[PDB]
């Protein structure tokens, strides 16, 4: 993540729905916001959350009375995506996990915050012939909010990862916010290579598979793009190797394959998957962030998480707007 000298969100309270690792909290708190509530039902996620912010998130959002939720200015919710993901079976709102946005909606209807900051995968924007994005949109509008949604690739904001996600920013209409803009992209100057830990700390992650079929030659110059170099097995998910001279591929939560959840990489003549700390770094997390003691759980958490930096800029712009109160 980056530092924010002008705390645009000072004075604003927010809530961390579907908390996870607390990505939205890190991003918003870096702008001065104060977290007044967090909700997450996963045990292990609650542990690492607690481990980094003290409090333990409340459970099942569907069993919480919106009226219980403390008052706030911004609602942060990066709801589930398996049901909207391109690799999932896209059952959408017909997935027991695809209806969480309606819980978010019933919390907004009641707590009427100034802003609703949401995040879900890229395929969410075009899922079910863009009918899904529209529901989320028309729902928000019906709730008397403006709907600003765009798909942003982390690689365009300083993080070497091709993580495309839809960010939906909503302002309560009485605020008449008319100048919100998504961060403008910039040149990437960091790649997988710059975030790796010393070889001495990742030998265990080394994978020597007799069925490695190096499909391409390693690249000399860095690039703001994923560069596949080889394959293991049938080269499905978790069976692809990339150049550390490029950017990393999207981290996943339930990912399989031998290079499960992070993908494989060619590092100093050897092939291995990323280490939890490297997953943190590739997600914009500061090295001060305490990752979960269970590496499997930690991989699942970073795969489900968000790229802080991207959230930071969007957050800076949300406040930058809220603050424009000319006479």
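Positions refer to the first chain, counted from 1.
Between 37-45 and 258-266, it is 37-45 that carries the larger average Cα temperature factor according to the deposited entry.
Comparing 84-92 with 164-172, the higher mean C-alpha B-factor in the PDB entry belongs to 84-92.
Based on the entry's C-alpha B-factors, the most elevated value among 145, 242, 117, 101 belongs to 145. Across 68, 288, 271, 297, the greatest Cα temperature factor reported in the deposited entry is at 68.
Among all modelled residues in its chain, residue 31 ranks in the middle third by Cα B-factor. Ranked by C-alpha B-factor against the other modelled residues of its chain, residue 204 falls in the highest third.
Residue 281: CA B factor in the lowest third of modelled residues in this chain (values from the PDB entry).
For residue 10, the recorded CA B-factor ranks within the highest third of the chain. Only modelled residues enter the ranking.
Ranked by Cα temperature factor within the chain, residue 62 sits in the middle third according to the deposited record.
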